[PDB]
Amino acid sequence: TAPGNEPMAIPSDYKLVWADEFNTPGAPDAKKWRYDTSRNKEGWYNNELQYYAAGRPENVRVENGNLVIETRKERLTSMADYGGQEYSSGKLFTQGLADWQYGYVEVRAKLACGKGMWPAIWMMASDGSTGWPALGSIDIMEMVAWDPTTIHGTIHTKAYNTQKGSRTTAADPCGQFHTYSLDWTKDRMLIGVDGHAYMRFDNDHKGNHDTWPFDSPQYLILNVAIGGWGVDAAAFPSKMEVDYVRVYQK
Ligand SMILES: OC[C@H]1O[C@@H](O[C@H]2[C@H](O)[C@@H](O)[C@H](O[C@@H]3[C@@H](O)[C@@H](O)O[C@H](CO)[C@H]3O)O[C@@H]2CO)[C@H](O)[C@@H](O)[C@@H]1O
Ligand SMILES: [Ca+2]
């Protein structure tokens with residue numbers, strides 16, 4: 001419903017303004033990522049089945065130049081925020097550490113596969129005041145591992161949820177790295193894989209928050225949900241590998 005078909009590349013007049021190359025093995029860098037544990041006791045949205053474990057290397061660890069977000073079948077019943085979940089996973093975001101208004105975002109990633117796995121790379125507005133989905137949301141990459149070659153790119157607004165999205169295919173996305181990218185300006189968003197936009201969403205320039213809520217900063221989110229849109233017990237453990245995040249601006 002938001003088709004695109006054009007090349008995408010880091011413009012020559014843009015600079016790298018922030019990156020996690022994941023050069024440093026161990027815990028993610030607390031200056032760049034926080035853990036989101038906020039709905040662990042209550043259960044996450046979308047009828048999701050995962051517990052998101054914070055400072056737990058079995059779920060979130062930097063290893064051989066990659067962020068590793070790993071889902072496991074275990075019950076983390078010793079955690080004070082445990083919510084009876086049958087699976088653990090990771091969710092990191094830049095919320096309250098780094099956000100961006102416009103930019104070329106590049107995430108190079110090998111995905112987490114298995115029926116139930118729902119790896120994502122997505123953004124939400126730092127200003128949450130208008131609520132969901134009015135605040136505006138950008139899914140650079142969504143995949144559901146019962147359809148594991150298909151890459152989804154979508155935006156969420158008050159007027160559109162009407163959802164504006166598109167899809168493409170990539171070669172063994174869980175067994176090789178691709179670059180999932182967003183090119184966001186005041187005029188439009190492209191979302192692509194490997195230098196090709198398969199998704200285009202234009203600003204109608206009508207100054208209407210319901211249709212263009214993207215004249216304000218967004219933060220970035222990395223996670224593997226389990227269930228919802230994504231359960232094969234044999235598929236665990238499974239992991240998303242992020243080689244780098246790079247953000248460029250004029
Ligand atoms: O249900 C009302 C609550 O919504 C919270 O927002 C959630 C929303 O409910 C949920 O459907 C949604 O899920 C995401 C998809 O929209 C898409 O962006 O891809 C994501 C990654 O796969 C997926 O998680 O996420 C929203 C944000 O957590 C509100 O935050 C809450 O205030 C409200 O009561
Ligand atoms: Ca790296």
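Position 1 is the first residue of the sequence; numbering continues from there.
Side-chain atoms of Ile191 and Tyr198, non-hydrogen and from C-beta on, do get closer than 4.5 Å to each other. Between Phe201 and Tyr160, the closest side-chain pair of non-hydrogen atoms falls below 4.5 Å. Inter-residue side-chain proximity for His152 and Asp139 is flagged as unmet; no heavy-atom pair is nearer than 4.5 Å. Residues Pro11 and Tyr248 have side chains not in contact (no heavy-atom distance under 4.5 Å, counting atoms from C-beta outward). Side-chain contact between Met123 and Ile140 is present, with heavy atoms from C-beta onward closer than 4.5 Å. Here the side chains of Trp132 and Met124 are in contact, with some heavy-atom distance below 4.5 Å. In this structure the side chain of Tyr104 never reaches within 4.5 angstrom of the side chain of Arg246, judged on heavy atoms. Residues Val231 and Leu49 are in side-chain contact: their nearest non-hydrogen atoms beyond the backbone lie under 4.5 Å apart.
For the residue pair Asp81 and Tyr51, a side-chain donor N or O sits within less than 3.5 Å of a side-chain acceptor on the partner. Counted by atom type alone, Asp127 and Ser216 present zero donor-acceptor pairs between their side chains at under 3.5 Å. Using a 3.5 Å distance cut-off with no hydrogens or angles, the side chains of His156 and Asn161 do not pair a donor with an acceptor. Side chains of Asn40 and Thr37: no donor on one and acceptor on the other come within 3.5 Å. Between the side chains of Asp204 and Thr211, at least one donor-acceptor pair of N or O atoms lies under 3.5 Å.
With hydrophobic clusters built from ILVMFWY side chains whose heavy atoms lie under 4.5 angstrom apart, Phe177 does not share a cluster with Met141. No continuous path of ILVMFWY side-chain contacts below 4.5 Å connects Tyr244 to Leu182, so the two sit in separate hydrophobic clusters.
Distance alone, capped at 3.5 Å, is enough to place a donor-acceptor pair between the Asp232 side chain and the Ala235 backbone. In this structure, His178 contributes its side chain and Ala171 its backbone to a donor-acceptor pair below 3.5 Å. A donor-acceptor pair under 3.5 Å is absent between the side-chain atoms of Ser89 and the main chain of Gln50, judged by distance alone. In this structure, the side chain of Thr179 does not engage the main chain of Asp194 through any donor-acceptor pair within 3.5 Å.
What you find for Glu63 and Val68 is that their closest heavy atoms are CB-CG2, 4.0 Å. Closest non-hydrogen pair, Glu6 versus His196, comes out as O-CD2, 3.5 Å. Residues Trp18 and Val245 come closest through the heavy atom pair CZ3-CG1, 3.9 Å. The shortest non-hydrogen separation linking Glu142 to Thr154 is OE1-OG1, 4.3 Å. Counting all heavy atoms, side chain and backbone alike, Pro213 lies closest to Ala134 at CB-O, 3.6 Å. Contact record, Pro173 with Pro148: CG-O, 3.5 Å, taken as the closest heavy-atom pair.
The CE atom of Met199 lies 12.5 Å from the CG atom of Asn5; values are rounded to the nearest 0.5 Å. Atom-to-atom distance recorded for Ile69:CD1 and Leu111:CG is 11.0 Å, nearest 0.5 angstrom. To the nearest 0.5 angstrom, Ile138 atom CD1 is 16.0 Å from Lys164 atom NZ. Taken from OH in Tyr219 to CD in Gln95, the straight-line distance is 4.0 Å, to the nearest 0.5 Å. Note: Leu67 CG to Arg61 CZ = 9.5 Å, rounded to the nearest 0.5 Å. The structure places CE of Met240 at 12.0 Å from CD of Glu70, a figure rounded to the nearest 0.5 Å.
Between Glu48 and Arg39 no salt bridge is recorded (no basic side-chain N to carboxylate O distance below 4.0 Å). Between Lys110 and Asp243, none of the side-chain N atoms (NZ, or NE/NH1/NH2) sits under 4.0 Å from a carboxylate O, so this pair counts as no salt bridge. Salt bridge present: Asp36 and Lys91 bring a charged side-chain N and a carboxylate O closer than 4.0 Å.
The aromatic rings of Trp33 and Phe22 lie parallel to each other, their planes meeting at an angle below 30°, with 60° marking the opposite boundary.
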Item to complete: Using the side chain to side chain contact (heavy atoms under 4.5 Å, CB included) rule, take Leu190 and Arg188 through it: C-alpha gap first, then chi angles, then the decisive distance, then the call.
Response: CA-CA 7 Å; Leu190 308 176; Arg188 49 124 190 77; 3.9 Å; yes
Practice prompt. With side chain to side chain contact (heavy atoms under 4.5 Å, CB included) as the test, would you mind laying out the steps for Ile226 and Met117 before giving the verdict?
Written response: CA-CA 5 Å; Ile226 299 157; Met117 254 46 63; 4.2 Å; yes
Practice prompt. May I have the step-by-step check of side chain to side chain contact (heavy atoms under 4.5 Å, CB included) for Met143 and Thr150, ending in yes or no?
Written response: CA-CA 6 Å; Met143 174 270 257; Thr150 304; 6.0 Å; no
Practice prompt. Apply the test side chain to side chain contact (heavy atoms under 4.5 Å, CB included) to residues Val242 and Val107: give CA-CA distance (whole Å), side-chain angles for both, the deciding distance (0.1 Å), then the verdict.
Written response: CA-CA 7 Å; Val242 186; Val107 184; 3.8 Å; yes
Discussion item. If you apply the rule side-chain hydrogen bond (donor to acceptor under 3.5 Å, both in side chains), what do you find for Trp118 with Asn223, and how did you get there?
Written reply: CA-CA 8 Å; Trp118 180 15; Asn223 68 288; over 6 Å; no
Item to complete: Please report the C-alpha distance between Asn59 and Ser88 in whole Å, then the side-chain angles of each, then the deciding distance to 0.1 Å, and finally whether the side-chain hydrogen bond (donor to acceptor under 3.5 Å, both in side chains) criterion is met.
Response: CA-CA 7 Å; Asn59 296 114; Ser88 54; 3.1 Å; yes
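Here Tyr35 and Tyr52 keep their ring centres 6.0 angstrom or further from each other. Remark: aromatic rings of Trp212 and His205 are distant, center separation not under 6.0 Å. Ring-centre distance between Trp100 and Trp184: not below the 6.0 Å cut-off.
Residues passing the salt bridge (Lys or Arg N to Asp or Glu O under 4.0 Å) test with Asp99: none are found, sequence neighbours excluded. Partners of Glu74 according to the salt bridge (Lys or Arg N to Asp or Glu O under 4.0 Å) rule, which considers only residues two or more places apart in sequence or in another chain, are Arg56, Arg72. In this structure, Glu106 has no salt bridge (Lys or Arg N to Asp or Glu O under 4.0 Å) partners at least two apart in sequence or on a different chain.
Heavy-atom contacts from other residues, nucleotides or ligands closer than 6.0 Å to NZ of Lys239 number 12 or fewer.
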